[PDB]
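Quick heads-up: it's one chain on its own, the form deposited in one PDB entry, in structure tokens.
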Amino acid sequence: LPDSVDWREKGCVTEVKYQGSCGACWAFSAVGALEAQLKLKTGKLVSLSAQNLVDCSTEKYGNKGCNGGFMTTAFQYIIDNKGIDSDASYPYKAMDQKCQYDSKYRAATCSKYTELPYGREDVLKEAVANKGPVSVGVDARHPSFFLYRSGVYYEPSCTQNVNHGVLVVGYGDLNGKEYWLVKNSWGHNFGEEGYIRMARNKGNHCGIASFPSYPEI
């Protein structure tokens, strides 16, 4: 495998989004993974509707909108629904709303998803290198995560209990300190202009490899 990967270089990553006061990280993580696949399949880079997931991938999928949800069950919604709308057609409002999906604004489909085995950072590396960005959960329940500005993030109090959905868009090392390149949805002023580099091959740090998944179109 390559020593480093950055899917932004390959035209497969959209602008960083801002979730605001709504806990829709799971929805942003899901759409980000699918956006990359859509680019690979069709050649178009298009922001997909996180709001569509918040509003429509709800109780039937075990999700709770602005109170949290699962990337995997979001993918299954898109499969079952035979589509997800563009962000442009179904923009983000940072609140729970009635489902407004319309197939006339469909921007992508999903045929399946794959959940990687628990805790295996080598398998996660392979998927990022060979398949695309991968949706993951991390333990973000520590002040240092909120305060993060730059460099490789390591939090000695981190656990493998994940609570925040993000997107692994690459990996590498900073003067030998290995990291995962993570796209967050806390806007362009969080961390490294919306990104955080999290410790890699440090014992599944913050549960980054606990629950990884990726969709296919």
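The first residue of the shown sequence is 1; numbering continues from there.
Novice: Please compare 30-38 with 151-159 and say which has the higher mean C-alpha temperature factor in the record.
Specialist: For C-alpha atoms only, the mean B-factor is higher in 151-159.
Novice: In the PDB record, does 95-103 or 82-90 carry the higher mean Cα temperature factor?
Specialist: Between 82-90 and 95-103, it is 95-103 that shows the higher mean C-alpha B-factor.
Novice: Looking at the entry's B-factor column for C-alpha atoms only, identify whether residue 212 ranks in the lowest, middle or highest third of its chain.
Specialist: Lowest third - that is where residue 212 ends up once the chain's C-alpha B-factors are sorted.
Novice: Please place residue 178 in the lowest, middle or highest third of its chain according to the CA B-factor in the PDB entry.
Specialist: According to the entry, residue 178 has a C-alpha B-factor in the chain's highest third.
Novice: Would you please rank residue 58 by its C-alpha temperature factor against the other modelled residues of its chain and give the third it falls in: lowest, middle or highest?
Specialist: For residue 58, whose C-alpha B-factor we compare with every modelled residue in the chain, the answer is the middle third.
Novice: Rank-wise, by C-alpha B-factor, drop residue 185 into the lowest, middle or highest third of its chain.
Specialist: CA B-factor rank for residue 185: middle third.
Novice: Consider only the C-alpha atoms of the modelled residues in this chain, order them by B-factor as the entry records it, and name the third containing residue 206: lowest, middle or highest.
Specialist: Middle third - that is where residue 206 ends up once the chain's C-alpha B-factors are sorted.
Although not depicted, the form solved in complex with a small molecule is the subject of the following passage.
Novice: Applying a 4.5 Å heavy atom distance criterion, does residue 157 contact the small molecule in the deposited bound form?
Specialist: No, no contact at 4.5 Å.
Novice: Can you check whether residue 42 is within 4.5 Å of the small molecule in the deposited bound form, heavy atom basis?
Specialist: No, residue 42 is distant from the partner.
Novice: How about residue 147 - does it come within 4.5 Å of the small molecule in the deposited bound form, if we only consider non-hydrogen atoms?
Specialist: Yes, residue 147 lies within 4.5 Å of the small molecule in the deposited bound form.
Novice: My question is simply whether residue 186 lines the interface with the small molecule in the deposited bound form - judged by any non-hydrogen atom within 4.5 Å.
Specialist: Residue 186: yes, in contact with the small molecule in the deposited bound form.
Novice: What stretch, of 148-156, 44-52, 31-39, 170-178, brings heavy atoms to within 4.5 Å of the small molecule in the deposited bound form?
Specialist: Within 4.5 Å of the partner lies stretch 148-156.
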